[PDB]
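Protein chains in written order, with the deposited numbering: chain C, -1 to 247; chain B, 1 to 640, 654 to 756; chain A, 1 to 67, 71 to 196, 200 to 714.
Note sheet for the following structure.
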Amino acid sequence: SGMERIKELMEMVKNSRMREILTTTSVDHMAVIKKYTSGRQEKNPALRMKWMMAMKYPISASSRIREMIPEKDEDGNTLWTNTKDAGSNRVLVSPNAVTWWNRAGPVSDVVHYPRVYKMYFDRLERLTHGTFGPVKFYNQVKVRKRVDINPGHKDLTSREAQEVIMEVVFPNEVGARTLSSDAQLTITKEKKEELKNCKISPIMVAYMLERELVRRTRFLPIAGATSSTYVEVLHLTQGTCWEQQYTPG
Amino acid sequence: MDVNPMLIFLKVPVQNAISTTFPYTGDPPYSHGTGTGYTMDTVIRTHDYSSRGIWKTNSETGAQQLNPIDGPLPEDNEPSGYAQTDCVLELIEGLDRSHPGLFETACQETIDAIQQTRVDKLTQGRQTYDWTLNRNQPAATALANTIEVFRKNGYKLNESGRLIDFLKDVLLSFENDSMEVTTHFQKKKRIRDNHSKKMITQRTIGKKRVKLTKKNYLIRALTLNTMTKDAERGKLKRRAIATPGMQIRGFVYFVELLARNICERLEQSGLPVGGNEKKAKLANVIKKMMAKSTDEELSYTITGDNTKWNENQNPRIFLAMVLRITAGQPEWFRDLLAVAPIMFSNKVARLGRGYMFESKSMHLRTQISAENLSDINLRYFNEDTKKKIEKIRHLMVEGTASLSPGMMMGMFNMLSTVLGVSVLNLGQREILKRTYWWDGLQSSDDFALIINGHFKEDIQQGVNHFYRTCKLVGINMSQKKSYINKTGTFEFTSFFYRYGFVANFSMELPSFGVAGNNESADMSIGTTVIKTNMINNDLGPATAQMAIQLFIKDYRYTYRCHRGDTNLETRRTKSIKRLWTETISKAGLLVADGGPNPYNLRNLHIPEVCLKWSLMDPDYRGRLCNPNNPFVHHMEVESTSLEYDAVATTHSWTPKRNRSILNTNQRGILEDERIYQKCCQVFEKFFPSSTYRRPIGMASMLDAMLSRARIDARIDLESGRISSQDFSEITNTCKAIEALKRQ
Amino acid sequence: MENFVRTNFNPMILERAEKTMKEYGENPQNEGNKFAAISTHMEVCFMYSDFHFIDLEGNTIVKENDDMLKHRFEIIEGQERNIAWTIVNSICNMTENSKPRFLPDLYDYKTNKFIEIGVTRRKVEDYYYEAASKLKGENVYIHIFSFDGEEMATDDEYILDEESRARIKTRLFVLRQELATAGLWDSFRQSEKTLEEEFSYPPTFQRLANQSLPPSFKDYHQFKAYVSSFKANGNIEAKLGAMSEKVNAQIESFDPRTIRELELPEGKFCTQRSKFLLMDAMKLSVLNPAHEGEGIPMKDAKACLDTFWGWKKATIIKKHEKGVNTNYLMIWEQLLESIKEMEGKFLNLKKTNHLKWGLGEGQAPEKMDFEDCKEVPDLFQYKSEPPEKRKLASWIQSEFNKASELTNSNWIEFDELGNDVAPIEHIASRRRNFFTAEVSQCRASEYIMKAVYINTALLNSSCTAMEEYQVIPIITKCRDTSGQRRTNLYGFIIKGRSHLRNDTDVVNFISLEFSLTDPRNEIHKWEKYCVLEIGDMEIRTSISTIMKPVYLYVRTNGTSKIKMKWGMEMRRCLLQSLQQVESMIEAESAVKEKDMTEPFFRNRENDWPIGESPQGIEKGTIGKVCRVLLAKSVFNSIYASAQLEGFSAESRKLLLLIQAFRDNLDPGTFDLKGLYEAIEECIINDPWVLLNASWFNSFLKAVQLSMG
RNA sequence: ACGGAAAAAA
RNA sequence: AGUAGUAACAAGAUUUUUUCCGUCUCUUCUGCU
Ligand SMILES: [Mg+2]
Ligand SMILES: [Mg+2]
């Protein structure tokens, strides 16, 4: 099975320049060459998106889209064109192609958005089943305190949660770092049972477990409760002269 | 009636309407042309506030160097840079005495972090002067070029991965009599344009390799390149910023790390805190200082700015501060932290890219570089530039100006904060034993001073004492911009305290609008910016609703995604109209797909695809969140073709990237980036965590990939995933790759 | 030593030992016996792991060469540390074996056990019990060999065969005899037993270090010893006694009844520099436009031009003094002729000589490199002169008075919101409806939408039509009080040749705007303009139907991508007004403990001072205050300049000094004359900066009258 | 961990 | 001419701290009720 990447490595080591680079650069030096660039880095993207959507082809998708969508819409809109190049791997794409995929593309049965972004669905279910009280008007004595914008796991700190995520998602690249805690192993086995035969990317699973398990803390002006369900609705519950009485679900 | 908006200050206090004093709705002032004149202004202002010092010729670079410290005392209120060494050492000694065990823990944290820091910590700066090319580059490519020119000249200590070994190579590279670099050139060729029939010059960029001299390499290593700061608010005239090379970039990180560990534990330092944590720390020390004033005592706050900060911060004073903070530490640590003030006391400033010269007879304009302004007759410049060149000509060594006194802007922020906090720490009522005493707050140069005393004469005595003690160390308080009132209102780093820090929404106006990445990312950016300004900067709820409406209007115009029942017409109105007419539950269509606006004050913390998920059609949510969607990138499943699914919607697409320059052929300099990206793309086939976390190791990439291939083939053989012929094929291909790397 | 290890070992063993020594940062030259011990450990692990193969059935067979077979052991020692831990993690996540705390040496697949192999020079039992004390807690198989011809495994149960262990013992006895005959045995036997860091200075950097000191010192180590051996003997007071008395911060007391006004500069009157006519603009409107092609700018332009048919021949009424005015007249005639017969969506104009002059084509000198410009005897520098000073005129105060006024058209239409569920959302909706009732019909909203349309269409034409001369009509769309749409045309913009690559590159354009204002009444406002007289209009007032001449203001202007970007984002001005105004509405709501939105808006009491009259200070309501702050933000965005940034930043300190005086906080300055010179430096020629300076002087006089 | 945006201070 | 302001365009090649967001990848079009 792993003969394909080994033949890719042999083909890339047959060339003398890539062999010189792969034999002289270390694993530590690869970060110095992964961020290497020589062209002019494009700045001010807001203005470029202002004038670039006036162009007919502002999106550069992969070449496989030439087999996924037609070249013309029902109204005759040219959805994609080739690039003026003697190669492959890129095509210029109209936003009518995005609307065509959203109105006439293949309907999937499996979607991964309720699972990967389940924290925002939890916040939506807290907001929907909430309870609003009356508005009191008085001078808010707001004190900037450190509060949890993400609660995390109750049995894990930030470092222990990141160690649990590294043991779950990327277990053969953890180095000589073993989790000493005993809830780390239980949460690791629970997540490994939950994430077997996973069809999504490993970094997507790692970021899902990062927004689930790792707690984040910020300094925010708090007038009232400091629980993690009240920091997420801090813009709604308080202002400068008013207080919204809110109870989550 | 003549309308006057200032008269609202007759009823409303000024700090309660200070957002009207910030004109942050128009374009900030940009700088045209070259930063040569501002660089020569900085050099002349540095050597004119220090002109009574000792001039010496450097034995290594041949440059004229000014030594103004321990010089004559200042005799006027002008900005002077004659800092006394013993006063600086007494202030640092009193700072160590009033904070017991402060320098030891900071030096020990720097000891622990020096052993653990790697070379790619230097790929964190924004841009970097590349001495190999004499050009500004990003930090990663400048570090890569420095490492390649070092290890192609025998300096191969940086192959160990540590930053301190790269710094040993940096210090040892000054011994080479002929450093051989990899420069760039161009080939101009007059080819006609095929759309205007006008003769252009197709300059083609290519790689050249030439040898330097020892003095030329030492000039290029101590060179601070210069440019002009753009889009700066609050200033009528522009100024030059500078960037150091890759030799000085390494030691500056360690000195800044030490001074940051010091500045984190000082109660008077406004660095490195920011935002609401800085405001809470500032308010806590104001509450602590106002509770020290007795029932019969006067307290007065100075809002203070310092005039010409970097023109008077001498690097030898910072050398004394580094050697006094690190007293008791091992000598290698003191030398490693002391390299950077030595490299900044011997620095040269690159003078930009010359000027532009206009022949009125031939109707010509030409960019004359800064290295060519020495053999030009002075009749061609204007009078300001002629005065600047006549004042700067005796400092020019190899196209750069000598800048031994003073600093450039933003170099040592934390160490200067340490010096200012030491001056603030002098005036305790137990150290002084006088009638006046002070405390305060210190940024890089901005400060707020609180002087308590029994009478206003004692307040004036304390102000004079603080001013003259700042003058002893080269800190010149701006008398034009500092002002003193009673305690209760002041300003510090554009934070206005009027019995509590008042809000300022006008400073956060350019963060509104469509950010310009894609559809869903800009929706999240807009709603999070409105929510953040509701929380922090006190954006009111009705103005927040109007900000939601203005963002939705600008977002619907920007991505041409107006509502499906509109009468407007764009390039994508027919597809959005078809999607609007064929959708049963139209309240689940996204704004990027011509749906309604779902946002209000209660749901700014919820993304758009989540908030509309209960209202989406099954067909629409199947097509929108399709895992086979082609607009995003899919990763291939590794050995542990078949690609992974996609979670993002169809609105997380990639916009087109333009990188071509006018008449420029850059296929010689981009092929290195292409081969580097090929090697980094094939490395992740064997190590899938190299994008989540940075991989470590001292072995090469090829040895790591062959070892991972062999151990994965053996695990797949012994676990029952592959066959024996697969294992034999992988091991024989690894043997063939080893035989290719041998011979 | 070192050469014995380079003689009596295989070169691959030396390569593995060198790669494992360089991982710790120690050369074999500084430690030769450690290099010999590492090479001996490597060779013993290699002789343990080699020539042991597992067949297809599973039985471990010993082969003489590598004849399809797999190795029995996995070698862990000799690799990199991260490579070895990757191998250990791959093994431990295939079986159920717990991870070893330390790196082992081999791994036997036949018994599934990690193997630690130590090669000692003491007795084997001593190093065995030392390793068992070091590895107490984990199940790692140990196998210690020594140079004494004896071994010791764990529980004396050897898993390797007898022949390979006999070869190991014979090789170690050969190495012991070779170390005896080289006189190196007891040195290597007593070579056992972390290092420190070091950072020395090379002589070039030492000579740089000697020249980076205070001028009394000549060596870096001398200054280092001085700083390490320094105690304070009162150096600060000793230096303060020697400093002159003329270095002091003498607090002069601040009183705004004693300070002076700002000195506005003296010269010619300030000129209109906006991108369009603000108060003088006359629009041609269509009410409910239902023509074929509604939405397209040129179709709406022609449909608005069809509403006015009083086109007489255009004559130059007010000349541009520095420019050829017949070129402007021919530009307008070419524009009208090309409008009256065209097809398509866009109108690109023919590049005629008068239009080339008006758009500045060919005015740039040709750019060459200095290598091809070496014998040019006329190369003089660019002129970097400061701007000329200008005097304040009354037209900018007239513009700001007209820009705060209500009109009969809803100029800004806000998009829909979500459902209001929370009670604070209903409160904010009521306050937002009050804000939109007071703010949408303002002249500043018309200027916002005019600037947004002009900068958007100018940016699109600049980025898609870089060569052609695009005609961009000045179109806005509004809704009157009847609830019906209206499309207004203010004139046209002929775009230049916009090949802008830098951020500050200027695209020139020509603005031709319709108006009814005579340029001879206030001619100093119109220096940069050429004004024609293009028509006559029957203006019908309440009494008379008069024939007012319709003029056309033609001028050459220019912009850049940054100015167009900040022109497109002018609707955030609506934030900067209303967030201020709501905060005042919030402030009283903290004192009255109720919702003070409706008492502020409905109960019109004229609470806030917003005007100066010949009578005195005039007061208006909160809606007038919101319109005034909206017009202030609009004029800050339109007339943005570095002079405005400098003036606002420097006058903020004087406003804060006046506020500190009014709080009875006893304000004091150190150099008020220098602060006044810093404020008055930024008042040069911008009309908005001059108007804000006059506003500051009027506010100063109002403060001085308020303390009497 | 990479990249982008805004602000502050020189 | 004009933009503009200490110097450029008028075609020819991003220094330090904090906050927030995102994640693997090179042609003829200008329409904000
Ligand atoms: Mg200040
Ligand atoms: Mg300053």
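Backbone N, C-alpha and C fix where the C-beta goes; we use that ideal spot for every residue, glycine too.
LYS408 (chain A) and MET602 (chain A) have their alpha carbons spaced roughly 29 Å apart. In this structure, the alpha-carbon of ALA712 (chain B) lies about 15 Å from that of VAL30 (chain C). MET343 (chain B) is positioned such that its CB atom lies no closer than 8 Å to that of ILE475 (chain B). Under the three-state reduction of DSSP output, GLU544 (chain A) falls in the strand class. Not a single C-beta of chain B is nearer than 8 Å to the C-beta of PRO107 (chain A). A Cβ-Cβ contact shorter than 8 Å links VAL660 (chain B) with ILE198 (chain C).
With a contact defined as Cβ atoms closer than 8 Å, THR667 (chain B) and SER58 (chain C) qualify at about 6 Å.
Taking a contact to require three or more Cβ pairs closer than 8 Å, the region 38 to 54 of chain C and the region 13 to 33 of chain A do not qualify as touching.
Excluding its 5 nearest sequence neighbours in each direction, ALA185 (chain A) has C-beta neighbours in its own chain below 7 Å: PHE4, listed in chain order. Between the alpha carbons of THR307 (chain B) and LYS659 (chain A) lies a gap of roughly 16 Å.
Taking each of B:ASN517, B:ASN176, B:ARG118, B:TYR49 in turn and checking the Cα distance to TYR155 (chain B), the smallest one comes out for B:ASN176.
In its chain, beyond the 5 residues on either side, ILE302, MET304 have a beta carbon closer than 7 Å to the beta carbon of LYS351 (chain A). Secondary structure note for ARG365 (chain B): its beta strand (DSSP E) is the uninterrupted segment 364 to 368. Note that the region 604 to 611 of chain A does not touch the region 420 to 435 of chain A; fewer than 3 beta-carbon pairs, one per stretch, sit closer than 8 Å. Close partners of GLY26 (chain B) in chain A (Cβ separation under 7 Å): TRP572, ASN642, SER643, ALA646. Interface residue (Cβ-Cβ distance to chain A less than 8 Å): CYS239 (chain C) is classified as such. Sequence-ordered contacts of the region 76 to 87 of chain B with chain A read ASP76, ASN77, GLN84, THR85, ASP86, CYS87 [C-beta pairs closer than 8 Å]. With contacts defined as CB atoms closer than 8 Å, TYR24 (chain B) and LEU550 (chain B) fail to qualify as a contacting pair.
Contact check for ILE402 (chain A) against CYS276 (chain A) passes: the beta carbons are separated by less than 8 Å. The region 84 to 98 of chain B makes contact with the region 233 to 245 of chain A: 3 or more CB pairs, one atom from each, lie closer than 8 Å. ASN310 (chain B) is outside the set of residues whose beta carbon lies under 8 Å from a beta carbon in chain A. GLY497 (chain A): not part of any alpha helix (DSSP H); member of the beta strand (DSSP E) spanning 491 to 501, first to last residue. One thing to note: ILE516 (chain A) has its Cβ within 8 Å of the Cβ of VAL560 (chain A). The residue among A:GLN256, A:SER446, A:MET47, A:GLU651 with its C-alpha nearest the C-alpha of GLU687 (chain A) is A:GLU651. The region 48 to 56 of chain A makes no contact with the region 673 to 691 of chain B: fewer than 3 CB pairs, one atom from each, lie closer than 8 Å. For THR675 (chain A), the Cβ stays outside the 7 Å cut-off from all heavy atoms of ligand 1. Out of B:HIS184, B:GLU430, B:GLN428, the CA that lies nearest to the CA of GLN679 (chain B) is found in B:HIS184.
Taken through DSSP and simplified to helix, strand or coil, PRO371 (chain A) comes out as coil.
Summarising the contact set, residues whose Cβ lies nearer than 5 Å to any heavy atom of ligand 1 are, in chain order, B:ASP305, B:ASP446.
Its chain contains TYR496, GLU519, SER521 as the residues whose beta carbon lies nearer than 7 Å to that of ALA287 (chain A), once the 5 sequence neighbours on both sides are disregarded; these appear in chain order. Distance from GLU751 (chain B) to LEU719 (chain B) at the Cβ level is roughly 7 Å; contact confirmed, criterion being Cβ atoms closer than 8 Å. A heavy atom of ligand 2 is found nearer than 7 Å to the CB of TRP309 (chain B). Around the beta carbon of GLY85 (chain C), fewer than 16 other beta carbons lie within 10 angstroms, which makes this residue exposed.
Listed as beta-bridge partners of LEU298 (chain B) by DSSP are B:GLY453.
At a cut-off of 8 Å between C-beta atoms, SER156 (chain C) does not count as an interface residue with respect to chain B.
It is roughly 16 Å from the alpha-carbon of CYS579 (chain A) to the alpha-carbon of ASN537 (chain B).
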